[PDB]
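Here the structure is laid out as structure tokens; the discussion comes afterwards.
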Ligand SMILES: [Zn+2]
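Residue numbers (the entry's author numbering): 4 to 125, 127 to 250.
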């Protein structure tokens with residue numbers, strides 16, 4: 004019965020998922036002066052040109068745009084990663100007003116929303133096998149700030165009315181996730197977890213420094229589905245956040 008409310012929200016999750024109090028939980032606050040520049044980190048390779056979106060699902064906690072991951076189409080490689088990770092889905096976290104919504108924070112600053120592009124390591129059989137492994141997933145995190153509209157988000161926003169109800173899905177083919185990426189691929193990276201139950205510690209996080217801008221109208225349409233589906237920042241503990249820059 005986990006969710007984001009007073010009675011079932013993040014502070015309760017540890018009861019059903021004790022790893023919630025574990026050693027590599029996400030999200031975290033990215034303290035830009037404690038983040039360590041690592042010259043050995045390679046540039047990120049985001050290869051999304053042959054992405055095949057299939058559908059969009061309201062899973063009760065967010066909406067997921069799902070991709071065909073049955074062969075290498077949209078993949079993430081390079082950066083802190085060893086090998087190739089296939090895009091399986093993306094989703095967002097957002098708030099009930101503009102001053103909150105992101106999961107990661109940067110020097111304690113919260114953005115209005117955060118996009119997670121979820122990828123699994125093709127050394128493993130499928131996503132299900134990958135989440136059982138400490139290097140199973142790579143999640144590309146992108147902050148959303150409110151200002152100008154992101155044109156490449158409009159197709160997502162426009163279909164949401166058709167999946168207002170929990171559990172419903174819709175066909176969602178031929179969406180190009182390249183339209184959700186900022187100019188720069190400068191990033192921070194650290195080992196962490198899924199930010200929703202079961203909170204498995206299987207993720208290499210790659211959080212981009214440059215946010216994308218979305219319009220007030222765009223985020224307001226997210227909110228017609230639910231609000232405040234973000235887990236707050238968890239302690240960094242015995243980890244270091246590394247930066248691809250400065
Ligand atoms: Zn997420």
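A virtual CB, placed ideally from N, CA and C, is assigned to each residue, including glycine.
Rounded to the nearest whole angstrom, the C-alpha separation of residue 174 and residue 181 is 17 Å. Taking the Cβ atoms as the reference, residue 237 lies roughly 6 Å from residue 108, within the contact range of under 8 Å.
In this structure residue 122 is buried. Its beta-carbon is surrounded by 16 or more other beta-carbon atoms within 10 angstroms. In this structure, DSSP gives residue 97 an extended state, which the three-state scheme calls strand. Residue range 131-134 is occupied by the alpha helix (DSSP H) that includes residue 132, with no beta strand (DSSP E) assigned at that position. In the DSSP assignment, residue 231 falls outside any beta strand (DSSP E), carrying neither H nor E. The nearest non-hydrogen atom of ligand 1 is less than 7 Å from the C-beta of residue 199.
Residue 107 sits in coil when the DSSP states are folded into three classes, being neither helix nor strand. Take the alpha-carbon of residue 60 and the one of residue 116: they are about 18 Å apart.
Taking a contact to require three or more Cβ pairs closer than 8 Å, the region 210-224 and the region 153-165 qualify as touching. At a cut-off of 7 Å, the beta-carbon of residue 119 counts as near ligand 1: some heavy atom of the ligand is closer than that.
Taking the Cβ atoms as the reference, residue 248 lies roughly 5 Å from residue 44, within the contact range of under 8 Å. With contacts defined as CB atoms closer than 8 Å, residue 47 and residue 82 qualify as a contacting pair. Counting other Cβ atoms within 10 Å of its Cβ, residue 113 reaches 16 or more and is therefore classed as buried.
The Cβ-Cβ distance between residue 33 and residue 245 falls below 8 Å. Going by beta carbons, residue 6 and residue 64 fall inside the 8 Å limit. Taken from the Cβ of residue 64, every heavy atom of ligand 1 lies 7 Å or farther away.
Taking the Cα of residue 84 as reference, the smallest distance to any Cα among 207, 201, 12, 165 is reached at 207. Per the coordinates, the alpha-carbon of residue 193 lies some 24 Å from the alpha-carbon of residue 76. Residue 94 has its Cβ nearer than 7 Å to a heavy atom of ligand 1. DSSP, read as helix, strand or coil, puts residue 184 in helix.
Rounded to the nearest angstrom, the gap between the Cα atoms of residue 186 and residue 215 is 7 Å.
A Cβ-Cβ contact shorter than 8 Å links residue 202 with residue 20.
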